[PDB]
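Working notes, beginning with the structure itself.
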Amino acid sequence: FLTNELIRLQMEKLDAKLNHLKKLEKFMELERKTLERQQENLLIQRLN
Amino acid sequence: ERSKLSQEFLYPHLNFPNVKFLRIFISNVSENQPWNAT
């Protein structure tokens, strides 16, 4: 009985951080946009 | 924050460009001259 209680508590604990991963996943979209902007600049300077 | 000033982040803004375009004409119109002076 006590072992089952422990397992439930631990899974509940993991769920919160697995949810918190998504915001850190959004910062990646920020970085992706910034990289594409730097590429814009490099292209236009090469053409210049 | 370290590279706010490098032109790599300032020059092209293909999504929201920074400049407008103005056109200027230079002319003169001679009228009723010998053919006084305008």
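Residues in the structure tokens are named by chain (A, B, ... in the order shown) and by number from 1 within that chain; ligands are numbered from 1 in the order shown.
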I want to know what sits within 8 Å of stretch 31-38 of chain A, based on only C-alpha atoms, with residues of the same chain fewer than 4 positions away left out; could you give that as a ChimeraX atom specification?
/A:27,42 /B:8-9
I need the contact residues of chain B against chain A, so if you could list those with any atom within 12 Å, counting only C-alpha atoms, and return them as a ChimeraX atom specification, that would help.
/B:3,6-16
What is the atom CA of residue B:38-atom CA of residue B:26 distance in Å, reported with one decimal?
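Here the two named atoms are 16.7 Å from each other.
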Measure the distance from atom CA of residue A:6 to atom CA of residue A:19 in Å and round it to one decimal.
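Computed distance, atom CA of residue A:6 to atom CA of residue A:19, equals 20.6 Å.
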Atom CA of residue A:3 sits from atom CA of residue A:20 at a separation of 26.6 Å
